[PDB]
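Working notes, structure below.
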Amino acid sequence: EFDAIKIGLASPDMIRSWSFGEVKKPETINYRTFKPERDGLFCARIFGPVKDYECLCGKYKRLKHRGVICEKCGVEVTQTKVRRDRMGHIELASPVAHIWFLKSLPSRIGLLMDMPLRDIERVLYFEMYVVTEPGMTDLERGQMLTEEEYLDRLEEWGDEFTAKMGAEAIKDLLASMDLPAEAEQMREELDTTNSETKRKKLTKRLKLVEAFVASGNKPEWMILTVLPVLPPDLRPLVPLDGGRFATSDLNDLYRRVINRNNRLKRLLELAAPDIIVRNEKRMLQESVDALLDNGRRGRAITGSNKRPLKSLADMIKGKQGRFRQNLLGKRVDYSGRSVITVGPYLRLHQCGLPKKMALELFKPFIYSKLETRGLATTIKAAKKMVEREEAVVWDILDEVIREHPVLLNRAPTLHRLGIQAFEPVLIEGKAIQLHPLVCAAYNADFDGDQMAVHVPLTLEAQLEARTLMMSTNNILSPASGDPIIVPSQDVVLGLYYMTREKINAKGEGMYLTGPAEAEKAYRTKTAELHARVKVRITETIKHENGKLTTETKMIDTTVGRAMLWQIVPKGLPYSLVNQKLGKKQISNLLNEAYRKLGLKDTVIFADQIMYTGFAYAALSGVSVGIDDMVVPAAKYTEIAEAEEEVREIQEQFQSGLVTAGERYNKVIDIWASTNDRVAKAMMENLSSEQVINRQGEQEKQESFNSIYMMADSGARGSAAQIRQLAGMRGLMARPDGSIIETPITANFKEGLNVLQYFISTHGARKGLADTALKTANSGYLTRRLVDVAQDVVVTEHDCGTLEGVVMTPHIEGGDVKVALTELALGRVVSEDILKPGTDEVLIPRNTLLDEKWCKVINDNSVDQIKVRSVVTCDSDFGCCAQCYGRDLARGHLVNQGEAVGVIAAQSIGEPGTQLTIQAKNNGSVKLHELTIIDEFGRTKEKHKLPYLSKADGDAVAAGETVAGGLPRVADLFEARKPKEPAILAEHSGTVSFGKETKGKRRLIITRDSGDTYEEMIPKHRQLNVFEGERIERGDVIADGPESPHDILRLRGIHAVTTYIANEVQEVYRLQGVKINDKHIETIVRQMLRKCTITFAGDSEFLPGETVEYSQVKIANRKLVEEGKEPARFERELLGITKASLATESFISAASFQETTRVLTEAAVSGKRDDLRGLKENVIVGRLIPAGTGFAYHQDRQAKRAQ
Amino acid sequence: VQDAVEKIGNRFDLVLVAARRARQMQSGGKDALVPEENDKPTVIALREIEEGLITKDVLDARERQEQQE
RNA sequence: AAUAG
DNA sequence: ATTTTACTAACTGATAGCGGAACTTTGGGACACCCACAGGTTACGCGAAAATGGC
DNA sequence: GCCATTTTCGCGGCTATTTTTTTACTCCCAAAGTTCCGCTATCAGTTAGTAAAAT
Ligand SMILES: [Mg+2]
Ligand SMILES: [Zn+2]
Ligand SMILES: [Zn+2]
């Protein structure tokens, strides 16, 4: 229907065209008949009838008279919904300045007229005159006159000049401006200017002036003469129960405006003294400002409730505004909510849904099937049958929900796995049954959690639920590619208990024909689960090439391991099961099943694993008791020794040998060492036991203690928590953060006393408060990321670019922090991977790196590769599939139409709650910094070289001595400048000292051309530069934190990308969060979207102008095709908030935040929104240009092309 | 639905093709090319796509044949 | 405001 | 010869119109002299950008 | 006329479920428009009766 949204100023004629009448009275409704009053705020003659196809007269009262205007009343015979669309207007007695174009800084009226805002308000507030037509006089336009001076010069000159005061004066000044003449004048003055401040001022004003010329807007439209009036049904006056009426504040504001306008007209008719008229004009301006934006001018007008009235700006803006409350999110039909319980019998694609809840949700479907099969004659009969709850209704409900998927949601929806589709199974009850294996995806536990349920209606929505959102499709984490349905808690415990090994168990040494006979022996009490036996195992191995090799052989194992092998799918080794299975081992089993067998086998295997784990956790009888907390006997001796040595240190303090700080430090170290020793003794005592073997000797066995089993299996519990249960609680911190000298020398088994419990509460409260506040901080960060990255969609397959990024193993010392395989898995090669010391092309260009090619890279000892990146993609809009690579949630190359920006933002934002020289290897030494290369050729030690045993190339043997989490991420993604940033070498050249000017110092550099560049340095700067040295560009002169903007300016796009990615990944890896770097690269790409033009060239770009990079690239391609001088630009790094606010579309920018500024700028500019991103199409109700809608939008782009 | 995405290649394209086929079996009078087995039109369309009977080109060809007739 | 996750 | 039906005339209710008096509603007036207002508020904090001030 | 310091401006997680608020105050009169009850009168619909027709 429509292809774009156009915004701009409104002329008086346009406002009159919108209007169906003029509001002349502040009347709303009669106080007896409750009918609209004529020419009032609710007039039926202006806005439409109050009843469908009726008039206030009651004369024309049917559809026979549609479109006929009653002569007695004037009310058109039509529908009542027209009162939601018909607008009105007020003819203002005096012009009024628009508050947005006056006080939304910077002021557009002031910028256009080149007069300060204070002067404009002085003219408006009737304090100072201003010259409109200077005439044949020394007076100039825009020069201010006081009343005294105005009277003086009125006597002096007379009618030669015109001087006015108020909004009429500003309108006359704006109407008399010659815009092309001003544009020429600013261009000429910019040609012959040197100061950068005046250059900025003239470039801003010139941009405004030429925007006004191009848009067709006239400046005097910024001063209102006709005021539009909203439809009444959008500001309703509706009756409540008991005769009370509820009204909108807009009615009060409009009534104030109308009353003051009528009083102004009456005063002008009475020829009142000028002071009264000036007062009335001030009040009219104040009333209109309050109606448009309350509180911007001054004291906000308040109603009888003593609270500020809500204006139109408040209608459209804010968290509670129309954009966010009603347009970006809505309340929906066919939805429900209930508490969630656990269904351990369900399959991964099934969810237990209550019968009554399904009956309410699927009601139209039940009506349709009752009508179809003849059980109900009409729809009212079907309604009666459903209300009476007949058995045939239940059969119809089963047939309806037979294969209809349903969507389950849990708030907060931190990532897309917070909504998944399931096949419903009708259950008796009122609680939703949720599959256990999906709980980790939902962050859902059964302690009172509630879930919402939605019914997809159309066939497309049903197929989207089945194909995309179904739980069996989403078993990999889109953030990292790791499985997300890994078993936890009881399952793991069961699999741990069944696969453990016991010495001299019943049935040891027995020979078993296979898993079935192991199960038979277990069920007959012949052998225990933990009996060491020999079992004939038939194992099938599916190789990389697809070879299926079957080998039968006798393996030493346990009964439980074979019984578990019974459910393992064919194609996997028995070594994955022939061990004790903790959480990590089961994770490995599922990962190998996915990597070597597929998706269906993995789903069946996961279901069987969870069934078996539950069953054998039940059969184990694992229980927690007070005797399971074994406190070591060494704890008391260690406490006594620590106390005695603390007394000795106190005695030394009283002798003056050591200071107070030393005493504090060594007491703390004493207690920390004591805690470590007690923990070690407790773990050693709890981890082992002594058993009698078959020969009768004593053997050491791993303990079957319940708490030890729970912790070791990874089901629940860790070393620190067992420490607290059976060892020492340890040193605790004060609310400010300092450590208390005496620790809690008691565990939870013994019980704390009052002081120890109070000290514990000190830290417990801090933890809870920190969680509560970081929730809001993380939410705001995630929203900002989603806004900045919402437009990134895979639009092509290959962009045909040769650029890429250099990838190397991450070395932060003597060990690898992360391997090259983990970084390269899923990325497309950009330059051929030649074998080291050889010219054979091991891996060609444009090949996805999967597990097989990762093993190939690892075997041949390759250090540095080059891969395609989203930051270096050349696509005009969005990115292409090759520059992105593998879709982590799907395992293959990313498909066209995938909204990867939203995925990146969710992947980064979801873990925000969790957020708070001697050689060690043998090889040679290479200098660049210090690098220690192994014999294979891989770089394994990267060390700094401050300004050495072995020189360059000299081999070194091992042992030779050659010689704040979430705020940090937010500051990195906002491109914040550090407080004391490092001073970097602006240009490459020879350093030279300079004249130490008072206050702060200066230095100079001589370039290769002999030109001298002067740098300004603060006094307190430990300069690392020496005269006569040719410092390269980007070299550090003064040490300090590095600004990302300086990195971009002096090193390039790759350097800033690496910096941001490394810092963010350092923060995330400190806490153990696995997030792929392509998400951070997508965000950084959205950060590098603007360029400032340095050379104007011949393209339609002004110097010093911040414009979109894609537009410049397209223009440069066109100009090169035309063989003309291209534009020269410097790319800019913006924060995610600033980048979001500086997008091309004003709908998205307004929907994000700062609605008034965005709308004011768009209105003065006359912007046009093409609806190219997701948010715009969400707001206007259209299909998003991603995924299933992608193709649709493409088709339209063809039809517009044709 | 791994077989269906293997036969089509793109999940979004598979959704669109299956939606067209399901609308043909539900709103239109077209009959299934596989045993229905008490299945909804969406599942029937997915099974037909998996069997290789229904593709985008096949649907376009049948639409062209209907237009010719 | 209070409460649940 | 009898029974069903079509035709017609009279009754009655709804309804548009009118009368007229009560009822609601609007505009004007009031002559000792009176002659400048509120009016609660705020223990935020942080970052940007925009407006002032310094020499 | 640029370098720093003070002043505004806008922002601060998502789903549920329990429940209204409260000061402040002339009177009278004449003139005008509107309403409410009662009556009239006309038209259309309904119903009862009787002749016309058919069995
Ligand atoms: Mg919970
Ligand atoms: Zn009317
Ligand atoms: Zn690309």
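Start at 1 and go down the list; that is how both ligands and their atoms are numbered. In what follows, every chain begins at residue 1, and chains take the letters A, B, ... in the order their sequences are listed.
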Is there a donor-acceptor contact under 3.5 Å linking the side chains of A:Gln350 and A:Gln433?
-> no
Answer yes or no: are there more than 12 heavy-atom neighbours, outside A:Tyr1192 itself, under 6.0 Å from its atom OH?
-> no
Protein-derived N, O or S atoms lying less than 2.8 Å from the Zn ion (ligand 3), waters not counted, sum to 4
Under the 6.0 Å and 45° cation-pi test, does A:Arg410 pair with A:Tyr442?
-> no
Donor-acceptor side-chain pairing of A:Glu71 and A:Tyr60 below 3.5 angstrom = yes
Counting only protein N, O or S atoms and ignoring waters, those under 2.8 Å from the Zn ion (ligand 2) are A:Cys55 SG, A:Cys57 SG, A:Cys70 SG, A:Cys73 SG
Does NZ or CZ of A:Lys1090 come closer than 6.0 Å to the centre of the six-membered ring of A:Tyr1109, within 45° of the ring's axis?
-> no
The single option from A:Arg45, A:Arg66, A:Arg86 that satisfies side chain to side chain donor-acceptor pair (under 3.5 Å) with A:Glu76 is A:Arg86
Measuring from the Mg ion (ligand 1), name the closest N, O or S atom belonging to A:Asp449.
-> OD1
Answer yes or no: is there a side-chain heavy-atom contact under 4.5 Å between A:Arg1172 and A:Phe877?
-> yes
Apply the side chain to side chain contact (heavy atoms under 4.5 Å, CB included) test between A:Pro436 and each candidate in A:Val342, A:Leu346, A:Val491; give the one that qualifies.
-> A:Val342
Side chains of A:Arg890 and A:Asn895: is there a donor and an acceptor less than 3.5 Å apart?
-> no
Polar contact flag, side-chain donor to acceptor under 3.5 angstrom, A:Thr80-A:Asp52 | yes
Distance-only side-chain donor-acceptor flag, A:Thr808 / A:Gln864, under 3.5 Å | no
Any idea which N/O/S atom from A:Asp445 gets closest to the Mg ion (ligand 1)?
-> OD1
What atom name does the N, O or S atom of A:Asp447 nearest to the Mg ion (ligand 1) carry?
-> OD1
